[PDB]
Amino acid sequence: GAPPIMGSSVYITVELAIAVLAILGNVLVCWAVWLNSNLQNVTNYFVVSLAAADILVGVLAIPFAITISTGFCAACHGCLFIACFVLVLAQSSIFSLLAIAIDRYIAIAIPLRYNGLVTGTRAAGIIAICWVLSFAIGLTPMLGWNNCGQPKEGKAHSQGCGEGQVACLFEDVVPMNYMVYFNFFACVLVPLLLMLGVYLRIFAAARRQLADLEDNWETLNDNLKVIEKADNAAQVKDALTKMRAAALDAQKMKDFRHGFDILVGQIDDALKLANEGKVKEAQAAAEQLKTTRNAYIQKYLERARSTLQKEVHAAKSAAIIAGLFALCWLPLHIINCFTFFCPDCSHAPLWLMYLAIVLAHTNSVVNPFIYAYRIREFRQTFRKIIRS
Ligand SMILES: Nc1nc(NCCN2CCN(c3ccc(F)cc3F)CC2)nc2nc(-c3ccco3)nn12
Ligand SMILES: CC(C)CCC[C@@H](C)[C@H]1CC[C@H]2[C@@H]3CC=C4C[C@@H](O)CC[C@]4(C)[C@H]3CC[C@]12C
Ligand SMILES: CC(C)CCC[C@@H](C)[C@H]1CC[C@H]2[C@@H]3CC=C4C[C@@H](O)CC[C@]4(C)[C@H]3CC[C@]12C
Ligand SMILES: CC(C)CCC[C@@H](C)[C@H]1CC[C@H]2[C@@H]3CC=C4C[C@@H](O)CC[C@]4(C)[C@H]3CC[C@]12C
Ligand SMILES: CCCCCCCC/C=C/CCCCCCCC(=O)OC[C@@H](O)CO
Ligand SMILES: CCCCCCCC/C=C/CCCCCCCC(=O)OC[C@@H](O)CO
Ligand SMILES: CCCCCCCC/C=C\CCCCCCCC(=O)O
Ligand SMILES: CCCCCCCC/C=C\CCCCCCCC(=O)O
Ligand code: NA
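Residues numbered from 1 in each chain as written, not as in the entry; some residues may be left out. Chains lettered and ligands numbered in written order. Heavy atoms only, no water.

- For this coordinate set, the PDB header names X-ray crystallography as the determination method and states a resolution of 2.100 Å.

Below, the structure written as structure tokens:
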């Protein structure tokens with residue numbers, strides 16, 4: 001049995017290295033949002049709240065985790081706070097991640113009413129409520145769902161603990177049925193699955209909207225061919241009626257409106273000639289639509305396609321952050337499931353427990369890198385902060 005301080009020295013050194021990187025990276029995130037007005041939006045307010053929780057992981061949760069790894073003597077309820085505060089920060093991160101996904105769904109599914117529905121004041125109230133709810137969820141053991149009524153007295157005496165004290169160890173004071181049923185299943189797994197469903201809806205909405213743009217573009221070009229090779233006025237009228245409904249459907253900003261004003265008006269001009277039985281004159285009037293399509297309509301199609309592809313890319317970046325949260329925290333949750341559900345299984349070894357703990361803490365480091373690599377506005381703001 002090698003001296004415990006040796007293995008503890010590696011674990012403590014790694015934890016402190018994680019804490020430093022978690023503080024610097026996420027302070028840089030908050031500093032960037034504070035300085036750049038282009039980064040000041042509802043989505044990034046939840047990013048800041050997420051960054052604040054990761055800052056608290058380095059300032060508080062990691063020192064708390066180092067403290068509880070020693071098994072020091074402590075009053076059991078004070079031990080619970082040290083043990084459970086990281087659950088407040090993890091829960092707050094989950095609420096921020098869910099809000100970011102929901103915010104991205106509103107912007108892509110109903111962009112016309114997004115700005116009136118999603119405001120900065122309403123976001124601040126949501127952030128405040130989610131932090132209060134995270135304290136209630138994470139500190140639920142302090143409300144009575146704990147093992148403080150059944151302390152390990154033999155372990156407390158062997159450590160020389162005083163009266164009313166226990167050896168402060170995570171699995172000794174925090175019930176595993178809380179950790180699995182309440183914290184993992186209800187408060188972590190279910191919101192994460194809701195996040196996945198929201199992201200599936202986002203990408204499905206983006207894919208559908210892109211296909212609709214290409215469908216209206218095809219409908220515009222197909223019916224033009226129908227008009228050119230029509231032999232009676234009724235055929236020209238049929239295609240023009242479908243184009244007019246498609247043109248108004250694509251219309252659902254001044255150069256935008258003018259280009260569609262010309263398009264619909266030119267369709268109405270040809271429709272009037274078609275109803276008069278003037279086939280040759282209607283087809284020639286419909287040929288003018290090609291000038292409007294090249295000069296105006298195609299530019300709107302490409303810009304609309306460009307805006308949607310940026311929303312997909314922004315939603316992928318946010319989904320990567322949620323996926324990395326799941327990847328970093330799931331091993332610790334899964335180990336707790338083995339400890340709880342399989343008492344006949346040998347406990348996961350010590351080195352694996354602290355590997356899972358370190359990995360969960362590493363998640364507080366990774367988000368600043370995802371923003372820097374995937375969001376130009378952050379990366380450029382990061383550069384200006386560092387240079388100056
Ligand atoms: N489960 C857990 N533990 C800790 N810290 C204590 C580590 N010791 C756990 C006991 N063990 C052990 C016991 C008997 C053995 F035969 C072998 C062992 F190796 C030593 C090591 N911290 C945590 N945090 C979260 C957590 C936070 C969010 C989700 O889960 N679970 N968790
Ligand atoms: C706002 C920030 C800076 C304040 C940080 C306060 C932290 C460090 C304080 C608040 C409550 C404190 C705990 C309260 C009770 C106990 C029980 C005692 O037997 C050992 C210490 C222990 C476990 C304390 C450790 C430190 C502690 C967690
Ligand atoms: C989310 C992704 C990374 C999957 C994570 C898989 C990890 C967490 C899984 C894969 C294999 C698992 C181990 C397989 C077998 C045992 C032996 C048992 O006596 C205690 C648990 C223990 C030690 C498991 C702990 C959790 C474990 C390490
Ligand atoms: C987010 C994704 C990974 C879904 C989460 C799946 C979790 C809940 C699953 C994956 C593997 C599962 C474990 C696999 C094997 C065992 C051993 C058995 O003796 C008791 C149940 C137990 C311990 C399972 C509990 C639940 C478990 C941890
Ligand atoms: C032991 C005690 C430790 C203290 C833990 C306290 C945890 C609470 C921390 C909360 C940080 C939240 C920061 C989140 C800040 C988000 C920015 C914002 O909301 O502004 C948007 C509006 O201004 C626009 O109108
Ligand atoms: C935009 C800014 C956001 C501001 C965030 C607001 C700060 C949230 C603070 C919440 C405190 C509520 C705590 C309520 C949660 C219950 C747990 C508890 O209080 O246990 C402590 C005692 O049992 C000890 O004996
Ligand atoms: C920027 C502020 C961040 C706070 C830095 C604090 C760093 C201290 C790190 C670890 C504290 C470990 C506490 C040791 C527990 C005592 C061990 C024992 O009593 O047996
Ligand atoms: C851990 C148990 C969770 C607690 C369940 C219920 C606690 C709070 C419930 C809902 C808070 C709703 C927020 C509404 C605040 C008012 C909004 C407004 O002023 O417009
Ligand atoms: Na986090």
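And the narrative resumes.
## Topic: the site of ligand 3
Item 1. Neighbouring ligand 3 are the residues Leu327, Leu330, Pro331, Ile335, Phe338, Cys345, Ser346 and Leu352.
Item 2. Between ligand 3 and the protein, one listed contact pairs an oxygen atom with a backbone N or O atom of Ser346 at 2.7 Å.
Item 3. Summarising the interface, the protein chains cover 54% of the accessible area of ligand 3, which totals 610 Å² for the free molecule.
Item 4. A total of five residues in the shell around ligand 3 trace back to one element, the largest contributor, which is helix α12 (residues 289-341).
Item 5. Tallied by class, the residues present in the shell around ligand 3 amount to seven nonpolar, one polar and no charged. (Near = heavy atom within 4 Å. Polar contact = N/O pair within 3.5 Å; in protein donor to acceptor, adjacent residues only side chain to side chain. Areas by Shrake-Rupley, 256 points an atom, 1.4 Å probe, with all protein chains shown as cover. Helix = DSSP H or I, 4+ residues; strand = E, 2+ residues; numbered from the N terminus. Nonpolar A, V, L, I, M, F, W, Y, C, P; charged D, E, K, R; others polar.)

## Topic: a nonpolar patch on the surface
Item 1. Where nonpolar side chains cluster on the molecular surface, the patch consists of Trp31, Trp34 and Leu35 and spans about 430 Å² of accessible area.
Item 2. Here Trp34 shows up in helix α1 (residues 4-35). (Patch = residues over 30% accessible without salt bridge, like charges linked within 9 Å, V, L, I, M, F, W, Y side chains within 5 Å. Salt bridge = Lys/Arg side-chain N within 4 Å of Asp/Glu carboxyl O.)

## What to know about the UniProt feature "disulfide bond" in the protein
Item 1. In this model the annotated disulfide between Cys73 and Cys161 is intact, with an S-S distance of 2.0 Å against a 2.5 Å threshold. Here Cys73 is found in strand β1 (residues 73-75), whereas its partner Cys161 is found in the loop between α6 (153-158) and β2 (165-167), with 88 residues between them in sequence.
Item 2. For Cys73, a relative accessible area of 25% corresponds to the partly exposed category.
Item 3. For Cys161, a relative accessible area of 11% translates into the label buried.
Item 4. A separation of 2.0 Å between the sulfurs of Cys342 and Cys345 falls under 2.5 Å, matching the UniProt disulfide annotation for this pair.
Item 5. For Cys342, a relative accessible area of 21% translates into the label partly exposed. (Disulfide = S-S within 2.5 Å. UniProt positions renumbered as here; feature names shortened; annotations may be inferred. Buried < 20%, exposed > 50% of the residue type's maximum accessible area, 1.4 Å probe, protein only.)

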